[PDB]
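Analysis of the macromolecular model
If you want the building blocks of each chain, they are given just below.
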Amino acid sequence: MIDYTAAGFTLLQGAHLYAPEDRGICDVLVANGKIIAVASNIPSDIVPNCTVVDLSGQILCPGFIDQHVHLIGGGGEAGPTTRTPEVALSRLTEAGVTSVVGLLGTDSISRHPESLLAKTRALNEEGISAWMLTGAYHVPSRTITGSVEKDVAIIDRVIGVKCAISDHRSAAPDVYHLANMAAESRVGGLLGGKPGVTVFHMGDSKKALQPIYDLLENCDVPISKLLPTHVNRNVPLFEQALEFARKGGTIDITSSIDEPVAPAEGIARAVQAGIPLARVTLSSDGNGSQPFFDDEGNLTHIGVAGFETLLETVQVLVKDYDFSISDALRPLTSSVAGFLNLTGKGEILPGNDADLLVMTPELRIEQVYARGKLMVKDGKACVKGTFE
Ligand SMILES: CC(C)C[C@H](CP(=O)(O)[C@@H](N)CC(=O)O)C(=O)O
Ligand SMILES: [Zn+2]
Ligand SMILES: [Zn+2]
């Protein structure tokens, strides 16, 4: 009778596709965790043992790429009791995230990159796709092999390096150390096929983006490799961010900060400013700590950041700021996919991974496909970690 199960065919039809481009109502044939066909009216019987999903009435779009998640945990600013746990596969998929880039933070003493690489590989095995950034806030960077350059070049899941500047938790790095680091990651990327990016944690420091502008003057690293995150933390910074974006740089906006500049507000304000969307990205900063400080560097409150804020922003964009479901999706999909050169991600077209999300017209996640495997059903995850 013949068996074609290994192929795992899947016909997702009758959905209003946003790839993100508004592609009207059309189908998507998925086989081997890959999108093998996108057109309207793919014959229900074009292939054997195919599984058809009557998505008629729902919306289909690419999964999310969260390039800022503390996969193994974070916090620690207020003692050992403030060490946030690790993230569970479920609260990721269940949040529309299919691709994620993990990093460390303030704590590099009781958090090592070697155990971040692990979770990263775990999260891969279990379904989604993960990558990590070497080092953390501390500069010189605390690596895995002893060289930012060597790390990015040889450890497969390392695509860049992270550091922290203009914050009272920085190691007070100087132009040189900052520049050297930034360059090792670029070349590392060149050798290993990684993006070679340098993510910069930003702080409420008066100096703002000064270190970056300075670093540009002290080396030759392409501005297209310098990513300032958390840019929405304070007004004077966000405005310099735009100016940085106007010179050709990409800026990462954290959706876990609701004031003084909302994520939704932030993104819109950038478009109106004239920045294209391909230079704007939204990160979550999952499982990270939300600590606040007064004027003497005293910590007052502290908590944890969740992922719910990604979709919210997207919703608050379509409504309120009169965007298109399409443009509103870009900052979490095609934009991020282009900045970190992630292939098979960000766009729905023949050849890329079946990282798909099924939502109601009102933008409520109902189903989440990750590289083909069904991860979320009816709004609740149907595939959890290994020890959840
Ligand atoms: C925006 C602000 C309220 C929170 C940010 C979050 P973060 O840099 O990601 C830090 N929580 C990461 C970590 O856990 O080390 C901060 O610590 O400055
Ligand atoms: Zn940070
Ligand atoms: Zn962070």
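The record lists X-ray crystallography as the method behind this PDB entry and 3.3 Å as its resolution.

1. Considering the pattern of salt bridges
In the structure shown here, the tally under the stated rule is 14 salt bridges. Here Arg169 and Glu77 are joined by a salt bridge, their closest N and O atoms 3.2 Å apart. Here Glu77 lies in the loop between β6 (64–69) and α1 (89–93) and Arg169 lies in the loop between β9 (158–164) and α4 (175–192), a separation of 92 residues in the sequence. Here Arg121 ties to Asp156 by a salt bridge, and the two come within 2.6 Å at their closest N and O atoms. Note that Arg121 is positioned in helix α2 (residues 113–125) and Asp156 in the loop between α3 (148–154) and β9, a separation of 35 residues in sequence. Judged by relative accessible area, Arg121 falls into the partly exposed class, the value being 36%.

2. Brief notes about the coordination of the zinc ion (ligand 3)
Six octahedral donors at a metal ideally form angles of 90 or 180 degrees, and four tetrahedral donors ideally form angles of 109.5 degrees. Around the zinc ion (ligand 3), the protein supplies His68 (NE2), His70 (NE2) and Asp285 (OD) as donor atoms, at distances of 2.4 to 2.7 Å. The coordination sphere of the zinc ion (ligand 3) comprises 4 donor atoms, whose angles at the metal cover 76 to 132°; the geometry is irregular. Mapped onto the sequence, the donors of the zinc ion (ligand 3) take the spacing H-x1-H-x214-D. A gap of 3.7 Å separates the zinc ion (ligand 3) and the zinc ion (ligand 2). Of the two residues, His68 is situated in strand β6 and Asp285 in the loop between β13 (280–283) and α8 (309–318); the sequence distance between them amounts to 217 residues.

Procedures and definitions
- Residues numbered from 1 in each chain as written, not as in the entry; some residues may be left out.
- Chains lettered and ligands numbered in written order.
- Heavy atoms only, no water.
- Residues with missing side-chain atoms left out of burial classes, pairs and counts.
- Salt bridge = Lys/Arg side-chain N within 4 Å of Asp/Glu carboxyl O.
- Helix = DSSP H or I, 4+ residues; strand = E, 2+ residues; numbered from the N terminus.
- Buried < 20%, exposed > 50% of the residue type's maximum accessible area, 1.4 Å probe, protein only.
- Donors = N, O, S within 2.8 Å, 3.2 Å for Na, K, Ca; no water.
- Tetrahedral: all angles 85-135°; square planar, octahedral: opposite > 155°, others 65-115°.

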